[PDB]
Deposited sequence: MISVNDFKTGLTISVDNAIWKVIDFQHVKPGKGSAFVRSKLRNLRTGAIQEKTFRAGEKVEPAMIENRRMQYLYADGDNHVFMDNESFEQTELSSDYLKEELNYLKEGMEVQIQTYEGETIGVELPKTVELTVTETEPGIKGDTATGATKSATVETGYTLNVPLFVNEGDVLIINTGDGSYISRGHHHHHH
């Protein structure tokens, strides 16, 4: 493990049943005695920030995060199958893990998946996506509702027609323009 005398910005560690990144830290020398570390840690699941103190002799546990470039192949009922671009290994993720991301995912999309000791900790989508309109009122600074091919519904300009391709921001869910 990591000694209190060997910290640096950016180390990844496991402590108190969470995984964390060292954002900043101070190496403390108390008078003439035994040194310790006060660290600022970011939780790699939630983004919360907490202070943690490591005392001399403690032996902090390292954490290895795997980051993989993957392709979404297709849905298999409740299973969503992704392929590793380098190895061709397949991973199956569930709708109940991907609840919000399914508003935007479509067959063929490239994603990045992060894993810690077998657990899946994140899926990073493209920043924008192109999705077709399956339901909206016909055309005849005002908006109307539209449903796209994933089931996602959003507000769009009055000129949009069923079958149009929309460019949508995956961060805030908003309409950008037509494709």
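- When the deposited sequence is numbered from 1, the segments without any C-alpha atom are 141 to 146, 186 to 191.
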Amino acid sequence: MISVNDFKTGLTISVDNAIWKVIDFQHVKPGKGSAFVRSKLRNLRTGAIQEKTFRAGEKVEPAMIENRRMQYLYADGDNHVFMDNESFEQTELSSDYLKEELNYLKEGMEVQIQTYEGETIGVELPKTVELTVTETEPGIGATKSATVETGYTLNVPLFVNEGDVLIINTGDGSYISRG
From here on, numbers count along this sequence of modelled residues.
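- The stretch with the higher mean CA B factor, choosing between 35 to 43 and 131 to 139, is 131 to 139.
- Taking the PDB entry as given, 58 to 66 carries the higher mean Cα B factor of the two stretches 109 to 117 and 58 to 66.
- Taking the PDB entry at face value, the top CA B factor among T53, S145, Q50, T150 belongs to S145.
- Per the deposited record, the Cα B-factor of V15 falls in the middle third when ranked against the other modelled residues of its chain.
- Placement of the Cα temperature factor of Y104 within the chain: lowest third of the modelled residues, per the deposited record.
- The deposited CA B-factor of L158 belongs to the highest third of values across its chain.
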